[PDB]
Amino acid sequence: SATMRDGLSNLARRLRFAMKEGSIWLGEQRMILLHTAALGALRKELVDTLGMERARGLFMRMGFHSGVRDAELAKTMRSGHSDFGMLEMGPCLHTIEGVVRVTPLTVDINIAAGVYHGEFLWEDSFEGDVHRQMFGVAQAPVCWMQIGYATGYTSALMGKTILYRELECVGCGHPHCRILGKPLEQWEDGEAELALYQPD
């Protein structure tokens, strides 16, 4: 809509169901369909036994790994795309994966120059949704794995550390989630946010 529409159709054709081998492929990566309620039960177990902040890191890093892999897929489809066209593939794959409906708001990107400032709308976040099913409204944003995805995708695409934060979140009782991504240097508590992406 309109680049989103082409993006979605372009990338949705890389998604493949190999039922003969019990497998689902997205580009070169094997995928599974997982119940959000099952992932939600795991999350509750982690939060109850390891604590909110350790569980938050576990999921952010899982999201990070997903993002890096989708960026590797986006790179194989470089041919004939602007830097924005390649960036947009992240929102599209996240949407195709059923994780969240992503709408890019303002995107400033130039990979060779190391330029990146990105704001995105998130609707129907599976994560904020299922977190609020189990813990009720939280006070801090809670789409941990989703934020990890954006951070991994964009960092892999730019070749430098790009961190994201939710400025608004359904898990906090907002109409929607809203995110901002920019280089580590432009974040007040940057090195504390980067620390979350390393194994504890």
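Residue indices: 1-based, along the sequence shown. The term rigid core refers to the maximal set of C-alpha atoms that superpose within 1.5 Å between the two forms.
Item to check | Core-aligned Cα RMS comparison in 6 other deposited structures of this protein - stretch that moves more, 184 to 192 or 6 to 14 | outcome: Farther from the shown form on average in 6 other deposited structures of this protein: 6 to 14.
Checklist entry - Got a sec? Mean C-alpha B-factor, which is higher, 51 to 59 or 153 to 161? => result Higher mean C-alpha B-factor: 51 to 59.
Checklist entry - Comparing 21 to 29 with 184 to 192, where is the mean C-alpha B-factor higher? => result Averaged over C-alpha atoms, the B-factors run higher in 184 to 192.
Checklist entry - From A41, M145, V137, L34, can you pick the one with the highest C-alpha B factor in the entry? => result Among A41, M145, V137, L34, the highest C-alpha B-factor in the entry belongs to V137.
Next on the checklist: Quick check on the deposited entry: does the C-alpha B-factor of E119 sit in the lowest, middle or highest third of its chain?
Outcome noted: Ranked within chain, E119 CA B lands in the lowest tercile.
Checklist entry - Ranked by Cα temperature factor within the chain, is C172 in the lowest third, the middle third or the highest third? => result CA B-factor rank for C172: highest third.
Checklist entry - Split the chain's modelled residues into thirds by Cα B-factor; is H65 in the lowest, middle or highest one? => result Lowest third, going by the recorded CA B-factors of the chain.
Item to check | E97 - Cα temperature factor, lowest/middle/highest third of chain | outcome: CA B-factor rank for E97: lowest third.
Next on the checklist: Can you tell me whether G128 has a C-alpha B-factor in the lowest, middle or highest third compared with the other modelled residues of the same chain?
Outcome noted: According to the entry, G128 has a C-alpha B-factor in the chain's middle third.
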